[PDB]
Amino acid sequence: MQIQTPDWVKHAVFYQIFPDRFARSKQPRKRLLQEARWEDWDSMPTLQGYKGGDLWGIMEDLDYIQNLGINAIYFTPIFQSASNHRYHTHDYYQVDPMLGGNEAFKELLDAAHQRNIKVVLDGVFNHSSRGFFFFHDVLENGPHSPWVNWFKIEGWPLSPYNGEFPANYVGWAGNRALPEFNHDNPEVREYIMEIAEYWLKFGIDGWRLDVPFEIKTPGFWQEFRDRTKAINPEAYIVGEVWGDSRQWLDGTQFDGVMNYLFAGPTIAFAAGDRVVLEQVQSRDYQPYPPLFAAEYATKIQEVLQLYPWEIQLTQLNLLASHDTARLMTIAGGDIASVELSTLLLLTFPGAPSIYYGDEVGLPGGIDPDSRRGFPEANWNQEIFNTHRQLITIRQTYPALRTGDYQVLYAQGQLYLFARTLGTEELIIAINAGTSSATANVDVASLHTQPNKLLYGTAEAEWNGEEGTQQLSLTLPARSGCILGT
């Protein structure tokens, strides 16, 4: 049973979207009352002047997305839930009406696919909301309810909304809004597995798993993988696990996780002291303290020799997420830190992921509604071009996607590694220092001699003999470059 992971993931460029705040469509939209008179429309305020984003919008902006060069988008939760509480699932079998429901989602899906762009959804199965039917039945029937043993019910009576009282049931992180499921209970296991299957049949391209480490019922995720893969052998399973994910990466559970273990160090190194350290994020990743090329190298090599390589190729690398401060903001505004990080991210083994906004420099606070961006131009044309250029490159050269990863130099604030697939070899260098740097590396590992600047505009590109290759590289302060040919 050799380990296998979706090959399309291995060459994909992900784009994480927050649909409620990404884009609202143009032409009139029968948001909720689909069958409503365009005459009585002015009579219905809520629908007539709806504000936040919908799937319509996203679908309409598919041009922009694809132009950036991202071939797969993956959202937060989009199933039916109360406003700005998308994680308090109310109904898993419906897309939220305010987003356009199943009808709109269906159109986005089809639209994205004709363009050959995948779509992954965020599954929240550790807990739901008070309105979730079965919980409701329990709240409406107390002890006499048929599904009391579907949740983690402490005692009675329950105070789901009051506060000054106990609710005698377990809520995610001690909250009475996220009633936790009793995953041990096989019936629950079944209901969930069916939700996964339903959407896969619906035609979605895989699952993101919210806080999948909270669900510890043995055998769970393996079944989740079988029942999922059964429906679609090329479906992508990604757990949002911040930290050592070896428990779920033996090849029988997830295809990979959102690699925060790559995010922290990269920023620790790429931004170092510049890291704001209020926008952390310090449940999620450790982008501190600042690292030097040698510390980053040892840290990165630790990360890379941690999971089976097939999984490493289907890891979802990132620098920002809905749960964290945007990139431009976490770097105190330093463009350099943004260009250098993205450079490492887009040249790292695994699937790179961009948080909508970062390709444009859009800033993002940590909490709350210090966010927002429907991400009006209203950009940072510099950093955007970095993003689009780097993505083309990663799509132009195969070694950057599935090549190997070998550190060549790592001293002071200068870091050089090589991505190599077959005879195609590339050298990537990062000057995280403020002073123009220069390194003489013994590149005896390579079989060729990358001497063309595919990106980065660096100097000291002097090589030499062939018996035993020798290289001298000089890069401007706070810069990076890709060498090829």
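Throughout, we count residues from 1 along the sequence that is shown.
- The deposited sequence places 1 to 3 unmodelled residues between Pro375 and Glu376.
- The stretch 169 to 177 shows the higher mean C-alpha B-factor when 169 to 177 is compared against 385 to 393 in the entry.
- Averaged over their C-alpha atoms, the temperature factors of 227 to 235 and 134 to 142 are higher for 134 to 142.
- Comparing the C-alpha B-factors of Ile427, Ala36, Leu421, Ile58 in the entry, the top value falls on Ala36.
- Listed residues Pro212, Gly123, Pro218, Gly365 were ranked by CA B-factor as deposited; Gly365 comes out on top.
- Residue-level temperature factors show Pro77 in the lowest third of its chain, judged at the C-alpha atom.
- The PDB entry assigns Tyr356 a C-alpha temperature factor belonging to the middle third of its chain's modelled residues.
- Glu240: CA B factor in the middle third of modelled residues in this chain (values from the PDB entry).
- Ranked by C-alpha B-factor against the other modelled residues of its chain, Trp150 falls in the middle third.
- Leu408 sits in the middle third of its chain by CA B factor, as recorded in the PDB entry.
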